[PDB]
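The chain that follows stands alone, in the form deposited without the DNA, written as structure tokens.
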């Protein structure tokens, strides 16, 4: 029912290889300081939009991998474990497998995305990077 104004609390990921992005159990989810450990769960979904180009004509921006808590975003209503092509299952140690509707997403007009930074020991997949951030370790 909500409007078409839902953004990812954190930055997105850009693909630069054949890999389709994949993380092991207990990894993948960025560090959230303004949130709980049981809420450190969700899934990644690719998004495609067209932004105004420099020459004036709108240009279709490349696809990016966005993350959002469970029960939120476009791919909302899918319980942990539910298979689905194009979607990745992420979860951190202690993260609870439940919908975080109470939290929801973060509107871009109201606020911006936070620099995505994985926890110590965790590393992004070969051929991928983080938007906004500078790197890792």
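Numbering follows the first chain given and starts at 1.
Unshown form deposited with the DNA bound; subsequent notes refer to it.
Engineer: Even though the DNA is not shown here, does residue 81 get within 4.5 Å of it in the bound PDB entry, heavy atoms only?
Structural biologist: Result no; residue 81 lies far from the DNA in the bound PDB entry.
Engineer: Under a 4.5 Å heavy atom criterion, is residue 102 part of the interface with the DNA in the bound PDB entry?
Structural biologist: Flag for residue 102 set to no.
Engineer: Is residue 96 near the DNA? Define near as a heavy atom within 4.5 Å, in the bound PDB entry.
Structural biologist: Answer no; every heavy atom of residue 96 is more than 4.5 Å from the DNA in the bound PDB entry.
Engineer: Is there any non-hydrogen atom of residue 68 lying within 4.5 Å of the DNA in the bound PDB entry?
Structural biologist: Yes.
Engineer: Can you tell me which bits of 46 to 80 touch the DNA in the bound PDB entry, meaning any heavy atom within 4.5 Å?
Structural biologist: In sequence order, 47, 49, 51, 52, 53, 54, 61, 64, 66, 68 come within 4.5 Å of the partner.
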